[PDB]
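J.: Below you'll find the structure I mean.
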């Protein structure tokens, strides 16, 4: 009943609310990962920083979806944000393998929303996802793959040198 | 004879582009009318005038960008009469903005219909042109007009004066 | 019944509304001319630019008349803007001959409005037209005449060189 | 096994810090909800939106500072679900700010309860951390919210519009 | 042994990307040939040479961006021979630009065919990549080549000299 | 007809210049393949990728300078197919750099053979062109590749990672 709502399906509106929740859950997971690597008994500041920066990127992704929801005349509906899947994240390689799986899951959710937009002929939604999400996800997944290949190469002394010489401080 | 440049450009899309030019010029003309109406001595809402005069220029630029697209794809611009605006007098700010919102939703629907035609004819250059330069601009403008109407309803007159003074740009 | 209206005849008010329409029709004609010369099969960018600049000048002329109408307490009344007289404009020389005829017609309409102002003793109108329209029209008609003389001189290779060496890009 | 750094840091304070993290994240999430609610086209109070969006970030920073403290003292961060906000729709500015004031007083009481626990366990580093970074910030924010509610009551609507225009930052 | 990163990236798209890399390299090589031909002492049209040399670099950049895309999606670049250009001598400016326009329309058709494959395989990242970096670039270049050919026909030699002096950049 | 400018320029040198253009283009293409191989997600040695991508551009510039020389002397550029690179996958950094060193020594031998032909045909402008723009560049590049291989052998993997991080430019 929004005065502005036009060509905006209830199915897309609900899927947007679910994708907000998925972004907030990813942000929360990266917050957990970020602080884990700053424990005195882990102490990999570059790994901490990498995950803390991703926590902020995923939260910005959620906020952009909420702005889209308001711009199209849908109604934001919030759900609980589930705690992250682990309390302790293991070595850098295991943490980045978990991050890569979570990003591929988020990318699949974005591609599923794009498919719904295409099926409901909502080209504003298609363009929003292509402009702000799909290439960002491809570039981030590629960067995580590159990191995992280098962590496998240096496999520990190798994990220290990866944090010192690849990751930003 | 067919343009030396024309490629993957349907005659139906070419004709629809010419109609969208006319719809943009008609919207521009309506906003010009609205703009000067609010600058009458017996209406005298300069911020409302300015809002509509800026939209008259934005819709004219939308028309010009479509004409450039028509030339870039090798179609032929065909102009029709630009119909005079639907009203001579536009009433209070709220009634004028309700008219503007209906006009923008109509223009948005015309853009979405052209996008559907492009998608059916597999003209991805057209789809990307509309998505890049029109569809998000229409969403943002319709949202801003909605916000304005909610605030005009809230202040409903003294409220109309304060809206023009404290929300609209001069 | 305007609180401001003074020495402003209904005849002048109606003639101002007609001159607005004539300026908008001239603007629309120049818009058509401007895009015609940017067709891939015409491709005279300087001629396109010349007409696009005139489209904006004629629209500004209409807007100035509307501001005058409001300043004097008249009421703007809009009519349909008739489509331009041609869909295709021929060579540069033929297009500029059509433009010169249209400007002389607009100049005659301005001189007719000045005559009406003089007959109705509306010196504010006389001064408005003299300050903002009559000399502009004389200078533009002179410039169009100069252009036509040069297009006749170079009469094609000549039309190309005129666009390259006389017209602005 | 106990951290190599842990010193004078009770397991009860460690657990209370984890709960205060969750309370700050829940407050952040509530303010995010409030922030986007006031930017709906049918609410359209941008200054109210901005006020709550800025508080969402301040509460998230409060959570992050507590997690840094947990690591600095050799405790272990343990995360729980962040409960969704108590409302989906927040009503007029005054009702939303009354909800925010009650949430801030609840958070302030949680901080004061943690300070009492620190004082009982003689953890002066914790007492000073809360005093330096939380307790005065909560006092100042609660005072500002009180001032806002007094002005919203004064202008009680046209008054709600003028409060958003003339008191709140854009 | 499927890439750790590969997601929603069909073997058909992967193969078509490798073919489009080869088509871009062949276009680059053709423009290199055109560029040096116009700088022969017995042709000596520096502006025409520069036009084609710049296009050789643009088409090579197009190939490199496709190879970066292939790596970003987890596909594997497979290179083939780059076929020598279709002519050794390119005739007058007008004949060379007619051959260039035919080659660009062929490349644009290959880009549109890849977009159709992306649309059929629901690979929206591919669709957006082509729309953002290739399809509008091709439309604008084809339009520019059409404009050039119209002016070369107009001045048809002394005309070809004046076109190179007064239209083309040095 | 002979060029109006051609002087002291043998048909043998003209043909050998055309072959050396093709050899430079094939070396460029090989380095392009190496450059993208090392940017695969499952190789991910950005400094190695950068090293080869920079060489791809240097070899292409070498080809372009030979084509400019061909035109300056009044010869006629004749292009052949550019053969695809000898491998699709290049192995570890050390194996790729061993393949690059063998390819550069082959290119250096072709440059020395062209110099010998110039000396035999008493073409001192050719001799000076090769000495000034090619022979010292090849010696310096081969020396740098030898240095790289010695360091890759020293650090032989963790060593390969550290070489890319601490020796190669990003």
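Residue numbers (the working numbering), protein chains in the order written: chain V, 1 to 169; chain A, 170 to 339; chain R, 340 to 508; chain W, 509 to 678; chain Y, 679 to 848; chain S, 849 to 1018. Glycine included, each C-beta is placed from N, C-alpha and C at the ideal position.
(1) What residue does the alpha helix (DSSP H) around residue 877 of chain S start on, and which one ends it?
(2) For residue 175 of chain A, which of Y:763, Y:732, Y:817 has the nearest alpha-carbon?
(3) Taking residue 429 of chain R as part of the alpha helix (DSSP H), name the residues at either end of that continuous run.
(4) With residue 413 of chain R and residue 347 of chain R assumed to form a contact (beta carbons below 8 angstroms), what rounded beta-carbon distance in angstroms separates them?
(5) For residue 841 of chain Y, collect the residues of the same chain with a Cβ closer than 7 angstroms to its Cβ; drop the 5 residues on either side in sequence, then sort them by chain order.
(6) Quick one: does residue 669 of chain W have its CB under 7 angstroms from some CB of chain A?
(7) Residues of chain V with CB under 7 angstroms from residue 1013 of chain S, in chain order?
(8) Cutting at 6 angstroms between CB atoms, please list the residues of its own chain near residue 526 of chain W, excluding the five before and the five after it.
(9) Which residues, taken in chain order from the stretch 53-85 of chain V, show a beta carbon closer than 7 angstroms to some beta carbon of chain W?
(10) Which residues in chain A have a C-beta closer than 8 angstroms to the C-beta of residue 127 of chain V? List them in chain order.
(11) Use the C-beta contact count for residue 241 of chain A: other C-beta atoms within 10 angstroms, 16 or more gives buried, fewer gives exposed.
(12) In this structure, does DSSP put residue 590 of chain W in helix, strand or coil?
(13) Would residue 25 of chain V pass as an interface residue toward chain W - the criterion being a Cβ-Cβ separation below 7 angstroms?
(14) Output needed for residue 731 of chain Y: all residues of its chain with C-beta closer than 6 angstroms, excluding positions within five of it in sequence on either side, in chain order.
(15) Mind the definition here: the stretch 90-104 of chain V touches the stretch 265-280 of chain A only if three or more C-beta pairs lie below 8 angstroms; say whether that holds.
(16) Look up residue 682 of chain Y in the DSSP assignment and say whether it is helix, strand or coil.
(17) Closest Cβ-Cβ distance between residue 826 of chain Y and chain A: below 7 angstroms?
(18) Measuring only the C-alpha atoms, how far is residue 313 of chain A from residue 220 of chain A?
(19) Could you work out which residues of chain R lie near residue 829 of chain Y, taking near to mean beta carbons separated by less than 7 angstroms?
(20) Taking the C-alpha atoms as reference points, what is the distance between residue 141 of chain V and residue 134 of chain V?
(21) Distance cutoff 7 angstroms, beta carbons only. Does residue 4 of chain V sit that close to anything in chain Y?
(22) Hey, does residue 631 of chain W have any beta-carbon neighbour from chain V nearer than 7 angstroms?
(23) Classify residue 21 of chain V as buried or exposed, calling it buried when 16 or more other Cβ atoms lie within 10 Å of its own Cβ.
(24) Can you find a C-beta in chain Y that's less than 7 angstroms from the C-beta of residue 191 of chain A?
(25) Whose CA, out of R:378, R:408, R:375, R:371, lies closest to the CA of residue 352 of chain R?
(26) Is any heavy atom in the ligand GDP found nearer than 6 angstroms to the beta carbon of residue 119 of chain V?
(27) Could you compute how far the alpha carbon of residue 454 of chain R sits from the alpha carbon of residue 463 of chain R?
(28) Residue 249 of chain A and residue 419 of chain R - do their beta-carbons sit closer together than 7 angstroms?
(29) Give every residue of the same chain whose Cβ lies closer than 7 angstroms to the Cβ of residue 716 of chain Y, excluding the five residues on either side of it in the sequence, and list them in chain order.
(30) In the DSSP assignment, find the alpha helix (DSSP H) that holds residue 464 of chain R and state where it starts and stops.
(31) To be precise: take each residue of the stretch 596-610 of chain W, compare its Cβ to all Cβ atoms of chain A, and keep it if any distance is under 7 angstroms. Which residues remain?
(32) Report the rounded CA-to-CA distance for residue 719 of chain Y versus residue 807 of chain Y, giving the unit in angstroms.
(33) If you reduce the DSSP assignment to three classes, tell me which class residue 143 of chain V lands in.
(34) Please report whether the beta-carbon of residue 784 of chain Y lies at a distance below 7 angstroms from any beta-carbon of chain V.
(35) Starting from the beta carbon of residue 495 of chain R, find every residue of chain Y whose beta carbon is closer than 9 angstroms, and list them in chain order.
T.: Let's see:
(1) Working through the sixth chain from its first residue, we reach residue 877 of chain S at position 29. For residue 877 of chain S, the uninterrupted alpha helix (DSSP H) run begins and ends at 859-885, by DSSP.
(2) Working through the second chain from its first residue, we reach residue 175 of chain A at position 6. It is Y:817 whose Cα lies nearest to the Cα of residue 175 of chain A.
(3) On the third chain, residue 429 of chain R is found 90 positions in, with the first residue counted as 1. First-last for residue 429 of chain R: undefined, no H or E at that position.
(4) Counting from 1 along the third chain, the entry for residue 413 of chain R is found at position 74. Counting from 1 along the third chain, the entry for residue 347 of chain R is found at position 8. At roughly 6 angstroms, the Cβ-Cβ gap stays under 8 angstroms, so residue 413 of chain R and residue 347 of chain R are in contact.
(5) By 1-based counting over the fifth chain, the position of residue 841 of chain Y is 163. Hits under 7 angstroms: 771, 829, 830, 833.
(6) Indexing the fourth chain from 1 puts residue 669 of chain W at position 161. With its beta carbon less than 7 angstroms from one in chain A, residue 669 of chain W belongs to the interface.
(7) On the sixth chain, position 165 is the one that residue 1013 of chain S refers to. What residue 1013 of chain S touches in chain V, judged by beta-carbon distance under 7 angstroms, is 165, going in chain order.
(8) Working through the fourth chain from its first residue, we reach residue 526 of chain W at position 18. Same-chain partners within the cutoff: 586.
(9) Flagged, chain order: 66, 70, 73, 76, 77, 78, 79, 80, 81, 82, 83, 84.
(10) The sequence position of residue 127 of chain V within the first chain is 127, counting from 1. Here the neighbours are 300, 301, 304, 305.
(11) By 1-based counting over the second chain, the position of residue 241 of chain A is 72. It counts as buried.
(12) Sequence index remark: in the fourth chain, residue 590 of chain W carries index 82 (1-based). Residue 590 of chain W: strand per DSSP, three-state reduction.
(13) Residue mapping note: residue 25 of chain V aligns to position 25 of the first chain, counting from 1. At least 7 angstroms separates the CB of residue 25 of chain V from every CB of chain W.
(14) Taking the fifth chain and counting its residues from 1, the one referred to as residue 731 of chain Y is at position 53. Counting only Cβ-Cβ distances below 6 angstroms, and skipping sequence neighbours, we find 713.
(15) For the pair of segments examined, the stretch 90-104 of chain V was found not to touch the stretch 265-280 of chain A: the number of CB pairs separated by less than 8 angstroms stays below three.
(16) Taking the fifth chain and counting its residues from 1, the one referred to as residue 682 of chain Y is at position 4. In the three-state DSSP reduction, residue 682 of chain Y falls in the coil class, being neither helix nor strand.
(17) Numbered from 1 along the fifth chain, position 148 holds the residue referred to as residue 826 of chain Y. No - not a single Cβ of chain A is within 7 angstroms of the one on residue 826 of chain Y.
(18) As a working note, residue 313 of chain A is residue 144 in the second chain. As a working note, residue 220 of chain A is residue 51 in the second chain. For residue 313 of chain A and residue 220 of chain A, the distance between alpha carbons rounds to 11 angstroms.
(19) Taking the fifth chain and counting its residues from 1, one reaches residue 829 of chain Y at position 151. The CB of residue 829 of chain Y comes closer than 7 angstroms to the CB of 382, 499 in chain R, given here in chain order.
(20) Within the first chain, numbered from 1, the residue matching residue 141 of chain V stands at position 141. Within the first chain, numbered from 1, the residue matching residue 134 of chain V stands at position 134. Looking at the two C-alpha atoms, the distance is approximately 11 angstroms.
(21) Your numbering for residue 4 of chain V matches position 4 in the first chain. Not an interface residue.
(22) One-based indexing of the fourth chain puts residue 631 of chain W at position 123. Any Cβ of chain V closer than 7 angstroms to the Cβ of residue 631 of chain W would place that residue at the interface, and such an atom is absent.
(23) Along the first chain, one-based indexing puts residue 21 of chain V at 21. Residue environment for residue 21 of chain V: buried (at least 16 other C-beta atoms within 10 angstroms of its C-beta).
(24) The sequence position of residue 191 of chain A within the second chain is 22, counting from 1. No, residue 191 of chain A lies away from the interface with chain Y (no Cβ there is under 7 angstroms from its Cβ).
(25) Stepping through the third chain from its first residue, residue 352 of chain R is reached at position 13. Measuring C-alpha to C-alpha distances from residue 352 of chain R to each of R:378, R:408, R:375, R:371 identifies R:408 as the nearest.
(26) The ligand GDP is absent from the structure shown, which contains no ligands of any kind.
(27) Numbered from its first residue, the third chain carries residue 454 of chain R at position 115. Numbered from its first residue, the third chain carries residue 463 of chain R at position 124. Going by the C-alpha atoms only, they are around 13 angstroms apart.
(28) Start at 1 with the first residue of the third chain, and residue 419 of chain R comes out as number 80. Start at 1 with the first residue of the second chain, and residue 249 of chain A comes out as number 80. In this structure, residue 249 of chain A does not lie closer than 7 angstroms to residue 419 of chain R by Cβ.
(29) Your numbering for residue 716 of chain Y matches position 38 in the fifth chain. Within the same chain, residue 716 of chain Y has close Cβ partners 723, 726, 727, 730.
(30) The count along the third chain starts at 1 and reaches residue 464 of chain R at position 125. For residue 464 of chain R, the enclosing alpha helix (DSSP H) stretches over residues 462-468.
(31) Contacts with chain A (Cβ-Cβ distance below 7 angstroms) from the stretch 596-610 of chain W involve no residue at all.
(32) Residue 719 of chain Y sits at position 41 when you count from the first residue of the fifth chain. Residue 807 of chain Y sits at position 129 when you count from the first residue of the fifth chain. The alpha-carbon atoms of residue 719 of chain Y and residue 807 of chain Y are separated by roughly 42 angstroms.
(33) Here residue 143 of chain V refers to the residue found at position 143 of the first chain. Three-state DSSP puts residue 143 of chain V in a helix.
(34) Translated into the one-based positions of the fifth chain, residue 784 of chain Y becomes position 106. Put simply, the CB of residue 784 of chain Y is far from chain V, with every gap to its CB atoms at 7 angstroms or more.
(35) Counting from 1 along the third chain, the entry for residue 495 of chain R is found at position 156. Annotation: Cβ neighbours of residue 495 of chain R in chain Y (cutoff 9 angstroms, chain order): 832, 833.
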